[PDB]
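# sequence first, structure after, both from an experimental entry:
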Amino acid sequence: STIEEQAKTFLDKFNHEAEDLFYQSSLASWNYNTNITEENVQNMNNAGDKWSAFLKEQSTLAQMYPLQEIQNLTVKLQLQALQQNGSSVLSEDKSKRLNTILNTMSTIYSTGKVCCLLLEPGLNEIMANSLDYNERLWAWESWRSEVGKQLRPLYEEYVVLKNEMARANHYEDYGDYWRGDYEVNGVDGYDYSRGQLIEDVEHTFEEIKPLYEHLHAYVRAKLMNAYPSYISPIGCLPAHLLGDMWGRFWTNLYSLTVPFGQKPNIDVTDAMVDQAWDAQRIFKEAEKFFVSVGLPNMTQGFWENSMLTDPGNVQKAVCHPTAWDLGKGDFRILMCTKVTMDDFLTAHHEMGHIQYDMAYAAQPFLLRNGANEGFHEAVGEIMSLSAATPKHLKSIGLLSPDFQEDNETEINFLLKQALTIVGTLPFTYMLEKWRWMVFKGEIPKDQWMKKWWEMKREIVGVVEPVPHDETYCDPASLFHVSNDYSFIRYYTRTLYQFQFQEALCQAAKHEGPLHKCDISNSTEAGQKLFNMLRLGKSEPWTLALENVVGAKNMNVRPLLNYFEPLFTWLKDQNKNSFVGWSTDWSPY
Amino acid sequence: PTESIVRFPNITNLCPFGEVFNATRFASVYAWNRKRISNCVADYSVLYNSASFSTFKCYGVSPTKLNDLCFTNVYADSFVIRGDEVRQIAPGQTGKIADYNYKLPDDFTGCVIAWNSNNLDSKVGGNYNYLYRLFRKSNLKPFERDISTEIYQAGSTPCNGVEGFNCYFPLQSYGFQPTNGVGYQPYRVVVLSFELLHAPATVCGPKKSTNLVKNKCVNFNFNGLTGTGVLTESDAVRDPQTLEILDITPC
Ligand SMILES: *[C@@H]1O[C@H](CO)[C@@H](O[C@@H]2O[C@H](CO)[C@@H](O)[C@H](O)[C@H]2NC(C)=O)[C@H](O)[C@H]1NC(C)=O
Ligand SMILES: *[C@@H]1O[C@H](CO)[C@@H](O)[C@H](O)[C@H]1NC(C)=O
Ligand SMILES: *[C@@H]1O[C@H](CO)[C@@H](O)[C@H](O)[C@H]1NC(C)=O
Ligand SMILES: *[C@@H]1O[C@H](CO)[C@@H](O)[C@H](O)[C@H]1NC(C)=O
Ligand SMILES: *[C@@H]1O[C@H](CO)[C@@H](O)[C@H](O)[C@H]1NC(C)=O
Ligand SMILES: *[C@@H]1O[C@H](CO)[C@@H](O)[C@H](O)[C@H]1NC(C)=O
Ligand SMILES: *[C@@H]1O[C@H](CO)[C@@H](O)[C@H](O)[C@H]1NC(C)=O
Ligand SMILES: *[C@@H]1O[C@H](CO)[C@@H](O)[C@H](O)[C@H]1NC(C)=O
Ligand SMILES: [Zn+2]
């Protein structure tokens, strides 16, 4: 009969096979992640092979239904998410050359021999704490001269192959294929282009520039004292002094750039050690915070099946904090919890991922995901943003009751957050504008290094301590660049992280600035949030955003409001020093 | 009223409620079972208070009145489903179970009983025995069973009797495992049905009977029917035990 009615039947037949093969693969992956032994790798590969071959054949079947006749707009989304040819459109010969390139890049980055020192924790510890001008220059140049030198010829072939693969799938370039996640079509009034993402990414960064210029001049003016005569007040910060190998996070600069040194912060590790928290109470406190904001309880199987404490030396397991959703109503958390405030925060973060995965369990198989790629981490972060305010720790038994707070503490806190949040936005924006320019073809193959260090000085204000010719490949050192991952998810996660927080702090009727707003004991805010967690991917992300914040586009105004006291204090501190930088001064 | 009498059939054999509920092998939902229990005195209060049931609901019958009532026959339909679809076992519901598997009428006079059975009938690696119909041309009339394996011709081309593109086999098998959620865990369901006809009552109990008195204006209970009047030997209610006809006259 009609294509729409025959398609609804095909998808009814599909979801039933898919749910069971997916769960059979997730269980076999969990078994190896908790028991890192032999024979488990083979079951991991077999369960990941049957799923891949079944999905490949079912995707070959999906094509036979033309997509113009279908008008439902839900079956439209499932068939769109299924009919994508992916990389198979490339010929047989070049698909193994491309996968060989990918394998070689991952291998050449994972095993880097600097002599002999590897990366973790060989060069990372030198770069993060040496505080010697030349030792960290050797530890920087060595990596940029070995791992970046062995990846130069390969990335030139990776670019052209991925470009032809993206051109075959009706996109313009691989940059467009990446950009195509933030695309909504057919819903009148809510449409979004793939040319629209380049915009708004520029009219939001050109609106956050003043806070970054004042944070930069404060960091430079506080870094001039440590390294005596190597930094100049007009010039930019050399690249090896930014507290990280790639200068991605400025957090390690907080050991020097303390506004008020004497006052400490709210370290509550001793409070939990005193009361003998048994590495399980933390998750119960998280569950009670979620129960109080209004959402449903934890499923029973979570408590028995999940591994929440390292099994010891007899059983070894890789334990990077993770929340597992295995389908068929099965949820688990994998963490080696230890009694520290850091694990008290990560428990609420992972529990917010678990609470996001329970919401859309009613949706079909292909629509069980976040509205777009930058929504899971915003949800997981706002809960760890609210569960850190001193008022909340005061509500809980720890954090002894009186503890009056003063402003001199809130400036220390805000600057320790600003170095982490508003210091990585011009690096994410510059890196993801370089890769878009190189993929489009704007940067010829003879200007790859000459233009990177002209983006640096104009956007990030970071000069190089030794000039790099055309032969080098600096960006290929980063984990995301060489291993072929997207990077604009971290520019939108930060903005969504604070528009959610403003909207839900408003709905809780809190009065005062946002940096100490709490959400617990406010059922209305929880209902407001669950009204968008429930949709899953079935609705356009502009509609999913409008259900919480009230706008159809991403903004930067709430992020600026969060940092208003810090911005004023910095605007007063810098007046003796300079503001802004100059592109001419280079240390060499 | 001088004296009160209750007259019930003299049948003291217990009903096989231990065989339907504790059956060794429950049957797939698409081909369910039916057992007709007749000529039996059957207690329900102990069944009600067994307290092992996840869901015990009745329709058209009050939960406590059924302990002392007279029906002509009782049926029991026993099968296995997932936990989430138990909601569809009720009059006027829709889904893949109440359309192509088991359809109930609106005027239902029975009681739906359902209890989780994860321990008995789930195992590691999957329990793929319980099949359920997934594709059917038309909805099932109330209390009808279609256990055929016709190849669903979902489109326009003749399917010739083999599957492939657009020809789907209509029976698909449930996957049960011990680690699943509540929504995907196996519930065993028993649906009782009570039917009444003109025939002499056959499921009545339990309730002890009394003597029969005439020429006075007395209260009487024959086979669950209540009345107050003078009963005379011959508006005409047959005595169940001896099968006589006893007339009724207001006092
Ligand atoms: C949300 O409301 C609950 C009330 O149930 C608060 O819990 C009380 O917290 C205080 C602070 O230590 C205890 O002394 C009480 O015993 C707790 N229970 C009750 C019933 O009052 C909880 O603190 C509130 N949340 C916040 C963030 O204050
Ligand atoms: C881990 O794998 C080994 C390999 O056979 C097995 O003997 C052991 O029981 C596994 N661990 C657990 C907790 O089952
Ligand atoms: C699309 O089909 C689903 C059932 O598969 C239905 O619930 C939904 O309402 C349909 N969409 C529209 C716009 O009717
Ligand atoms: C995938 O390749 C087939 C081969 O002909 C083509 O018909 C189909 O349109 C391609 N898919 C897309 C989305 O272009
Ligand atoms: C669900 O949470 C409420 C509120 O704390 C609690 O009273 C109830 O016992 C919980 N139920 C389960 C099954 O966890
Ligand atoms: C607030 O912070 C400023 C920052 O130096 C400090 O001088 C002042 O004493 C603090 N307290 C008040 C009440 O202003
Ligand atoms: C079924 O078996 C249980 C367990 O032995 C028993 O308690 C019960 O009386 C039996 N009959 C019914 C109707 O549940
Ligand atoms: C039991 O009922 C039957 C009905 O046919 C009757 O014949 C029999 O005498 C009764 N037995 C008694 C009342 O003890
Ligand atoms: Zn996370």
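All right, it came through fine. Numbering: from 1, shown residues only, chains lettered A, B, ... in the order given. Ligands and ions are numbered 1, 2, ... in the order given.
# wait, a helix at residue A:352?
Yes. Read with DSSP: H, G, I helix; E, B strand; the rest coil, residue A:352 is one of the residues of a helix.
# quick one: residues contacting the nearest residue to it once chain neighbours are set aside.
Residue nearest to residue A:352 in three dimensions, not counting chain neighbours: residue A:383, with 3.9 Å by Cβ to Cβ, 6 or more residues apart in numbering or on different chains. For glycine as for every other residue, the C-beta is placed from the backbone atoms N, C-alpha and C. The neighbours of residue A:383, taking Cβ atoms under 8 Å, 6 or more residues apart in numbering or on different chains as the test, are A:289-290, A:348-349, A:351-352.
# which one of the residues you listed is nearest to residue A:578?
residue A:349 (38.3 Å; Cβ to Cβ).
# quick one: that closest one is in a strand?
No. Counting by three-state DSSP, residue A:349 falls outside a strand, being helix.
# and residue B:248, which of the three is it?
strand.
# adding neighbour count and distance to ligand 4, write the contacts of residue A:383 out as CSV.
CSV is the format used below for the contacts of residue A:383 (neighbours: other Cβ atoms under 10 Å in any protein chain shown; distance: Cβ to the nearest ligand atom, whole Å):
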residue, neighbour count, distance to ligand 4
A:289, 24, 45
A:290, 21, 41
A:348, 25, 41
A:349, 20, 37
A:351, 25, 39
A:352, 27, 35
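# intersect the residues you listed with the contacts of ligand 1.
Contacts with ligand 1 within the contacts of residue A:383, counted by Cβ under 6 Å from any ligand atom: none were found.
# check contacts around the residue nearest in space to the middle of chain B.
Chain B has residue B:192 as the residue nearest its centroid, 1.4 Å off, counting by Cα atoms, centre = their mean. Contact analysis of residue B:192 by Cβ under 8 Å, 6+ apart lists B:74-76, B:110-113.
# quick check: the gap between the residue in the stretch 301-450 of chain A positioned nearest to chain B and ligand 1.
Closest contact between the stretch 301-450 of chain A and chain B, by Cβ to the nearest Cβ, is at residue A:329 (1.9 Å). Distance of residue A:329 to ligand 1, given as Cβ to the nearest ligand atom, to the nearest Å: 30 Å.
# and the gap between the one residue in the stretch 451-588 of chain A that gets nearest to chain B and residue A:407?
Closest to chain B within the stretch 451-588 of chain A is residue A:534: 15.8 Å, counting by Cβ to the nearest Cβ. Per Cβ to Cβ, to the nearest Å, residue A:534 is found 40 Å from residue A:407.
# give me the more crowded residue out of the two.
residue A:534 (17 against 10; other Cβ atoms under 10 Å in any protein chain shown).
# pretty sure that one sits against residue A:359.
Yes. Counting by Cβ atoms under 8 Å, residue A:534 touches residue A:359, with 5.0 Å between them.
# would you mark the buried spots in stretch A:486-495?
Neighbour-count burial for stretch A:486-495, with 16 or more other Cβ atoms under 10 Å in any protein chain shown as criterion, is recorded at A:487-495.
# spell out which residues of chain A are next to ligand 2.
Counting by Cβ under 6 Å from any ligand atom, chain A sits next to ligand 2 at A:35, A:37, A:315.
# give me the number of residues near the last one?
The reference is to residue A:315. 12.
# give me the three-state assignment for it.
Following three-state DSSP, the label given to residue A:315 is coil.
# which ones are touching it?
Contacts of residue A:315 by Cβ under 8 Å, 6+ apart are A:34-35.
# find the closest residue to ligand 2 in the stretch 101-250 of chain B.
residue B:124 (12.4 Å; Cβ to the nearest ligand atom).
# if you could redo that for the stretch 351-500 of chain A, that was the one I meant.
For the stretch 351-500 of chain A, Cβ to the nearest ligand atom, closest residue to ligand 2: residue A:354, 23.2 Å.
# please report how far the residue in chain B that ligand 1 sits nearest to lies from residue B:56.
Going by Cβ to the nearest ligand atom, ligand 1 is nearest to residue B:182 of chain B, at 27.6 Å. For residue B:182, the distance to residue B:56 equals 18 Å [Cβ to Cβ].
# for residue A:123, same thing?
67 Å.
# again, but for residue A:543
In this view, residue A:543 and residue B:56 are 42 Å apart by Cβ to Cβ.
# just residue A:287 next, same as before
Residue A:287 is 31 Å from residue B:56, where distance means Cβ to Cβ.
# for residue A:136, same thing?
73 Å.
# between those two, which has more neighbouring residues?
Ranked by neighbour count (other Cβ under 10 Å), residue A:136 and residue B:56 place residue A:136 first, with 22 against 16.
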